[PDB]
Amino acid sequence: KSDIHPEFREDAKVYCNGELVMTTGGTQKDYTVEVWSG
Amino acid sequence: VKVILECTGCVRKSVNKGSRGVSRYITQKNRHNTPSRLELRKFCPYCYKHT
Amino acid sequence: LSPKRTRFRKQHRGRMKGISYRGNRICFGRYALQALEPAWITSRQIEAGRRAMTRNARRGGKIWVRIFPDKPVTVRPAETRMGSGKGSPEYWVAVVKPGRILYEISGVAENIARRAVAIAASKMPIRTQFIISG
Amino acid sequence: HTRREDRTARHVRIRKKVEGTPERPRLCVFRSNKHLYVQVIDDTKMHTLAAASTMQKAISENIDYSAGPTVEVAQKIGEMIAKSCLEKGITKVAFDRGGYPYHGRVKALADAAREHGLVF
Amino acid sequence: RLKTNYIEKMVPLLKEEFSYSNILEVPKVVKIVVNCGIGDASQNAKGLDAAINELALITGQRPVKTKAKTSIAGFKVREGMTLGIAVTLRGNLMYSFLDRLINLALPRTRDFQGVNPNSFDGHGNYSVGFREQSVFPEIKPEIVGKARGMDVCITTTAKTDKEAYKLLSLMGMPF
Amino acid sequence: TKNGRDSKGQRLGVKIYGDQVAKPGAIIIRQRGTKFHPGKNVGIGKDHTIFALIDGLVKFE
RNA sequence: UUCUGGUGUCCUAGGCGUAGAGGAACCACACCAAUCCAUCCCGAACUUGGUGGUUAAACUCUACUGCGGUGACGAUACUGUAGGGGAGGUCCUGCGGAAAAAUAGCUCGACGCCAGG
RNA sequence: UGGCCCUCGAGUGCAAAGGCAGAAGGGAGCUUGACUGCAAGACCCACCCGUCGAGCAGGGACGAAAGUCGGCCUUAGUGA
């Protein structure tokens, strides 16, 4: 089966939001995403 | 190795109408034992013809 | 002189039946050596004639062995004709029927072509004659 | 393929006629997003003996917000084709799903046709 | 949730761009698939279980243990010996995990040429795939001690060579 | 030395040509594989033989 | 009584390519959720249940000969018989049958059947 | 691991030929019909052998039903 419930805990807030207003749950918790290349 | 091997019913030697052992030889046993429900024995239906 | 792949080792004989079509008009060259008499032509004849017109031309113009043997003929030893086990490794043969082109030669002046193809006709087992590219 | 739901359904039917082999009085379905068609046809003379469709029940009742096929409208189309050959003299009829797997509402078309005395 | 704005904001730009007559032609990310080529999943049964556990946890649903199309001699490859592990995931989990690629595979690689368009966009219709960078932060990374292939492939309704690349550019995949 | 010469000699013709009289049960074709397929009123056999079911005529088409 | 898809049967077989035309009805996709169900992973298919937006795709219809298919007559090969020539390999006439190939061409099929608006 | 041409060039346990791409190719679901009593008529045909078989009765499998199933794509794998 291997359900995952990909809605609740989603971490993904970038330094420069607007481009990243969204965020989504799953099985991952850190709400921060690196700016990386630009 | 494909040795022959015959199957057999549920004997019940009786004083009824001709009842009698019903062998059915078949082949191929290179395995563990295989019974099968070959049928139309002396009694009409059948099930689990062993050996 | 022979094929590379031995599709089938031995191959029994056939027979000639005169050309009526595919008279092999002319394709390369400008002067051909048209056969007239049906016969076989081994690969060793082919060698011979080729040598003849190559060393005779010797200055220009290109030869064209228009036909390639591709069928084996066997020969048996002197053992009372029992069973035809092995003779295909012996010569190969091109069945050449009438009306067929054997050589073609271009880039050569007229009469030089006549001597090349006339000599070449001497090395070869059947009466031919040379044709121009009409 | 590219007409996935056309090659698929169509040929799947051709399968049902290759080996399944219904030849004598055969009833065939066709379920489209708006309707259900059904035919009782004979191979010998190649004419539809007795048809029916969701263009005769909807004269009285149907619904569009649904898929034109719903278990109940199918119930009624098997109802009608039944009570059509229930009076025409066609006892056994070679049912053939038109390529649609037999589960689902073509169930209901079958059982609908069965309840009204079609030797099936 | 990459889906929604993708549906209302960046559809009109392609629709106006190509100058269609029907939005019905505009391309979309049809499906992806992630697979993990394995040297010998046969002889590492708990490596088959490594495919199950890891590749299942990473993406939405379970994997698919893949059977040998045809055998290869020399190697222990009968027709069926599982060498390859895939998950033909689609629907919208597709959006969530190309999302976590945009979000946890763009940032945490080490080399960056990015994405060469004319590279891995070559087709009659797109099959865009990437090699390596299999590991993610969520999974405990220090368990593996070996290399292992992988694919991340894609499809599309339009058959240019850029509009699905541009679709990756309209999303978090420039170079 | 010869190695050769092991031919079977089997026979497999068409038995009832188009527009002959077919008994019922009679064989139309005994064939190796299915050159002629069964049409209607004929039955395939175990080894692809094609035999008539009802009296009449055979029509190859 | 055309048109719409529903099934089929003689067949030259029927198509791919370029073109167009089709939305009131029909057909099909986009859309939506999930009992029955179903995905060896996925509602992709299959399923049931909804919205019912375009004709884009697909299907249908009218053209096309650029391909594909088809295909002649005539002539000639060959061959039945009756004969002949050649040291042979093999060749030639008389009466009868008669092509493959190529080329010109010929087709983008003909009919039924039922529910319709 | 995804996208385009395709003539059935893939395979079909083992040789070749004929066959088969609604497949006889591959994979699933359940199962033992690789049953008993048989059989009009055919094919082959020195004899001995050999091959196919509509259809019926019993008792079943599968299948919703129609239907198919008395061995294996067919011809070798066997001897009075």
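- Its PDB header names cryo-EM as the technique used to obtain the model and reports a resolution of 3.5 Å.

### Remarks on the overall build of chain D
(1) Moving on: Per the secondary structure count, chain D includes three helices and four strands.
(2) Moving on: Helices (α) and strands (β) of chain D occur, in sequence order from the N terminus, as α-β-β-β-α-β-α.
(3) Moving on: Rg of the C-alpha trace for chain D: 14 Å, near the compact-globule value of 14 Å for 120 residues, within the 12% margin.
(4) Moving on: Seen through its C-alpha atoms, chain D measures out along the principal axes to roughly 40 × 40 × 25 Å.
(5) Moving on: The long-range fraction of contacts in chain D, counting pairs at least 24 apart against all pairs at least 6 apart in sequence, stands at 61%.
(6) Moving on: Side-chain charges of chain D comprise 22 positive and 14 negative groups, with the mean position of each set lying 5 Å from the other.

### Overview of the sheet that holds strand β3 (residues 71-72) of chain C
All names here are of chain C.
(1) Moving on: One open sheet accounts for three strands, arranged β2-β4-β3; its pairing is antiparallel. The open sheet terminates on both sides in strands that have one partner only, identified here as β2 (39-42) and β3.
(2) Moving on: Summarising the sheet, β3 and strand β4 (residues 92-96) pair through two bridges and their orientation is antiparallel. Paired with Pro72 across the bridge in β4 is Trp92.
(3) Moving on: Relative to β2, helix α1 (residues 43-57) is tilted by about 70°, and along the sheet it contacts β2 and β4.

### Digging into a nonpolar patch on the surface
(1) Moving on: There is a patch of nonpolar side chains on the surface, built from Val1, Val3 and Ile4 of chain B and spanning about 350 Å² of accessible area.
(2) Moving on: Considering the arrangement of structural elements, one finds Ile4 of chain B in the segment before β1 (5-7).

### Quick notes on the protein's contact with RNA strand G
(1) Moving on: Inspection of the region around RNA strand G gives 50 residues, with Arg15 and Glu37 of chain C together with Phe30, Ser32 and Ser66 of chain D positioned closest.
(2) Moving on: Per the 4 Å cut-off to the protein, sugar and phosphate atoms form 77% of the nearby atoms of RNA strand G.
(3) Moving on: Between RNA strand G and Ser53 of chain D there is a distance of 3.3 Å, counted from a sugar or linking oxygen to a side-chain nitrogen or oxygen.
(4) Moving on: Contact between RNA strand G and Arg62 of chain E: a phosphate oxygen at 2.3 Å from a side-chain N or O atom of the residue.
(5) Moving on: Split by residue class, the surface near RNA strand G holds 17 nonpolar, 17 polar and 16 charged.

### With respect to the state of the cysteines
(1) Moving on: This model, assessed by the stated rule, comprises zero disulfides over all chains.
(2) Moving on: Left unpaired, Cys10 of chain B is separated from the closest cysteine sulfur, that of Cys47 of chain B, by 6.3 Å.
(3) Moving on: Not part of a disulfide, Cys36 of chain E finds its nearest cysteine sulfur in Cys153 of chain E, a span of 13 Å.
(4) Moving on: Residue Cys36 of chain E is classed as buried on the basis of its relative accessible area, which comes to 7%.

### Focus: the sheet that holds strand β1 (residues 26-32) of chain D
Residue and element names in this part refer to chain D.
(1) Moving on: Reading across the sheet, the four strands line up as β3-β2-β1-β4 and stay open at both edges, with mixed pairing between neighbours. One side of each edge strand has no neighbouring strand; the edge strands of this open sheet are β3 (47-53) and β4 (94-96). The average angle at which neighbouring strand axes cross in this sheet is 20°, direction not considered.
(2) Moving on: Pairing of β1 with β4, which is carried by three bridges, proceeds in the parallel orientation. For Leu27, the partnering residue across the bridge sits in β4 and is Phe95.

### Focus: the protein's contact with RNA strand H
(1) Moving on: Around RNA strand H there are 47 residues in total, and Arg24 of chain B, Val18 and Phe120 of chain D together with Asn35 and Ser127 of chain E lie nearest to it.
(2) Moving on: Looking at RNA strand H alone, sugar and phosphate atoms form 68% of those within 4 Å of the protein.
(3) Moving on: For RNA strand H, a phosphate oxygen lies 2.6 Å from a polar atom in the side chain of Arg15 of chain D.
(4) Moving on: At 3.2 Å, a side-chain N or O of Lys15 of chain F approaches a phosphate oxygen of RNA strand H.
(5) Moving on: Those elements giving two or more residues to the surface near RNA strand H turn out to be α1 (4-18) of chain D together with β1 (32-35) and β4 (151-154) of chain E.
(6) Moving on: Sort the elements by how many residues they give to the surface near RNA strand H and α1 of chain D lands first, with four residues.
(7) Moving on: Split by residue class, the surface near RNA strand H holds 17 nonpolar, 15 polar and 15 charged.

### Quick notes on the packing of aromatic side chains
(1) Moving on: Within this structure, the stated rule accounts for nine aromatic pairs over all chains.
(2) Moving on: A ring pair is formed by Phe18 of chain E and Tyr20 of chain E, whose centres lie 4.3 Å apart and whose planes are at 35°; its orientation type is tilted.
(3) Moving on: Over the ring of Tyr31 of chain A we find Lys13 of chain A, and its NZ or CZ is 5.6 Å from the ring centre.
(4) Moving on: In this arrangement the basic side chain of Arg114 of chain D is found over the ring face of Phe120 of chain D, its NZ or CZ atom lying 4.1 Å from the centre.

### Notes on the interface of chain E and chain A
Frequently, the measure chosen for interface size is the accessible area removed from exposure when the parts meet.
(1) Moving on: Across the contact, 17 residues belong to chain E and 17 residues belong to chain A.
(2) Moving on: Carbon and sulfur atoms supply 53% of the area buried between chain E and chain A, which totals about 1400 Å² over both sides.
(3) Moving on: At the junction of chain E with chain A, the criterion picks out three residue pairs in polar contact.
(4) Moving on: The greatest single-element share of the side of chain E that touches chain A, amounting to six residues, is contributed by helix α4 (residues 93-104) of chain E.
(5) Moving on: Grouping the constituent residues of the side of chain E that touches chain A by class yields six nonpolar, five polar and six charged.

### Structural notes on the pairing of β4 of chain E
All names here are of chain E.
(1) Moving on: Residues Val152 and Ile154 of β4 are buried on one face, while the alternating residues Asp151 and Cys153, pointing to the opposite face, are not.
(2) Moving on: Where β1 meets β4, four bridges bridge the pair, whose relative direction is antiparallel. In the sheet register, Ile32 faces β4, and the bridge partner there is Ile154.

Criteria and cut-off values
Residues numbered from 1 in each chain as written, not as in the entry; some residues may be left out. Chains lettered and ligands numbered in written order. Part of a larger assembly, values for the part shown. Heavy atoms only, no water. Helix = DSSP H or I, 4+ residues; strand = E, 2+ residues; numbered from the N terminus. Rg over C-alpha atoms; globule rule 2.2 N^0.38 Å. Contact = heavy atoms within 4.5 Å. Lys, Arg positive; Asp, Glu negative; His and termini not counted. Charge placed at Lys NZ, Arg CZ, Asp CG, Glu CD. Pairing = 2+ DSSP bridges. Axes fitted to C-alpha atoms, helices over the stretch in contact; angles between N-to-C directions. Patch = residues over 30% accessible without salt bridge, like charges linked within 9 Å, V, L, I, M, F, W, Y side chains within 5 Å. Areas by Shrake-Rupley, 256 points an atom, 1.4 Å probe, with all protein chains shown as cover. Salt bridge = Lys/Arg side-chain N within 4 Å of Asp/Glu carboxyl O. Near = heavy atom within 4 Å. Polar contact = N/O pair within 3.5 Å; in protein donor to acceptor, adjacent residues only side chain to side chain. Nonpolar A, V, L, I, M, F, W, Y, C, P; charged D, E, K, R; others polar. Disulfide = S-S within 2.5 Å. Buried < 20%, exposed > 50% of the residue type's maximum accessible area, 1.4 Å probe, protein only. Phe/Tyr/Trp six-rings, centres within 6.5 Å; stacked < 30°, edge-to-face > 60°. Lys NZ or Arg CZ within 6 Å of the ring centre and 35° of its normal. Buried area = accessible area lost by both parts, 1.4 Å probe.

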